[PDB]
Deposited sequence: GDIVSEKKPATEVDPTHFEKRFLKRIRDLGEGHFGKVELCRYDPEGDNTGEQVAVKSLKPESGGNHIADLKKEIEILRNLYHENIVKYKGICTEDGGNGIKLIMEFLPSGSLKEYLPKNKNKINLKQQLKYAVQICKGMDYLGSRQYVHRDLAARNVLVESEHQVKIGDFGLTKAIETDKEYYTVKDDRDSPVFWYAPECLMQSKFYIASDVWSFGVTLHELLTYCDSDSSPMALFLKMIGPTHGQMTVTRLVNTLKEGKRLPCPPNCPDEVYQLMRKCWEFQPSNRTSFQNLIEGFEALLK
């Protein structure tokens, strides 16, 4: 008789999502050769399955996606989006929990009435706690902006994208980047713009700019890009970044957001010391905000 293979152990992996049951609903966002879509994982095929956020490659940067997947899989913090699993074809898709409120960019313009200064400072503490957790794992985020901060509820935010996240080598203080063509220059510290060097303090600088967005309720007209382009001029093209570096070297910074008390603005200015070594830490920011909350 014919010889077949004995059926062995088949324990179902809860982190393995089958392609055939992962049904696309809509696009959520894009960023650095990746795209994020809302999908329903529907193995029963009746629209009752869980909604998930799915990151995949836009149709060679497969290595970058795999590295991002491995980082997120191992991060466990209240203010970091939850990894759910993967969908494997060499292809791979990252499956994450879906946060329907979106990012601070979508949420803040629509909920100004519900979100007061006290709530903004509580979101600022939560971003700092997620970032301090990331730093303790020796990672530099490199893309900290309000568009990457997801709203779990009126009371909770989570850092929701790790597309640019890099490990800082033990006993080294920074990561040197090579691919910088689509850098978020208006959120970047001078060392990132001048030498393409990324420190934990470079994320503190980016946090300061994110805090500025949070305080302005992510209004497009007072965005860090709109504000810096008004300061340096918007028709410089390829000369924009040197003009930005020059402006920062002169000591010019984003102005105090409307209705922001000076005490909060002073904590923000501490993120923006020209030299990385003079900048505040995430732990000291948490202390500062908590002092203002009680």
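Colleague: Could you name the stretches of the deposited sequence that have no C-alpha atoms in this structure?
Modeller: Deposited residues absent from the model fall in 1, 61 to 64, 95 to 97.
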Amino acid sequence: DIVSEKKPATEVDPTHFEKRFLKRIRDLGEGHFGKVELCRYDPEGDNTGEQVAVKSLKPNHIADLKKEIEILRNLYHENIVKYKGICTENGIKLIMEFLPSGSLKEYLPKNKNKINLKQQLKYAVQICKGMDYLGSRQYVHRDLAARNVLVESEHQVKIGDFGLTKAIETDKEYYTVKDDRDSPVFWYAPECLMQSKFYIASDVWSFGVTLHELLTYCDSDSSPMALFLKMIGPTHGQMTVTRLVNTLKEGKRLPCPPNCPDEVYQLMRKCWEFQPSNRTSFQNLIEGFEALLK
From here on, numbers count along this sequence of modelled residues.
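Take the two forms, find the largest set of C-alpha atoms that superpose within 1.5 Å, and that set is the rigid core.
Colleague: What stretch shows more C-alpha movement in 9 other deposited structures of this protein relative to this form, 176 to 184 or 189 to 197, after the core is superposed?
Modeller: Farther on average in 9 other deposited structures of this protein: 176 to 184.
Colleague: For a rigid core alignment of each structure in 9 other deposited structures of this protein onto the shown form, which stretch has the higher root mean square Cα deviation: 269 to 277 or 20 to 28?
Modeller: Most displaced of the pair in 9 other deposited structures of this protein: 20 to 28.
Colleague: Where the other entries model residues on both sides, is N47 skipped in at least a third?
Modeller: In all of the other entries, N47 has coordinates.
Colleague: Check whether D219 has no coordinates in at least a third of the other compared PDB entries of this protein, counting only entries that model residues on both sides of it.
Modeller: Other entries vs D219: none skip it.
Colleague: Looking only at CA atoms, which has the higher mean B factor in the entry: 167 to 175 or 126 to 134?
Modeller: If you average the C-alpha B-factors of 167 to 175 and of 126 to 134, the larger mean comes out for 167 to 175.
Colleague: Tell me which stretch, 5 to 13 or 282 to 290, has the higher mean Cα B-factor listed in the entry.
Modeller: On average, C-alpha B-factors are higher across 5 to 13.
Colleague: From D221, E154, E106, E78, can you pick the one with the highest C-alpha B factor in the entry?
Modeller: Max CA B-factor in the entry, restricted to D221, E154, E106, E78: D221.
Colleague: Quick one: which of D182, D161, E97, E213 has the biggest Cα B-factor according to the entry?
Modeller: Out of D182, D161, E97, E213, the record gives the largest C-alpha B-factor to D182.
Colleague: Please rank the C-alpha B-factors of the chain's modelled residues and tell me whether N148 sits in the lowest, middle or highest third.
Modeller: Its C-alpha B-factor belongs to the lowest third of this chain's values.
Colleague: What third of its chain's C-alpha B-factors does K55 belong to: lowest, middle or highest?
Modeller: CA B-factor rank for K55: lowest third.
Colleague: In terms of the CA temperature factor given in the entry, to which third of its chain does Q195 belong: lowest, middle or highest?
Modeller: CA B-factor rank for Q195: highest third.
Colleague: What third of the chain, by the recorded C-alpha B-factor, contains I69?
Modeller: For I69, the deposited C-alpha B-factor lands in the lowest third.
Colleague: If you rank the chain by CA B-factor, which third does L229 end up in: lowest, middle or highest?
Modeller: Its C-alpha B-factor belongs to the highest third of this chain's values.
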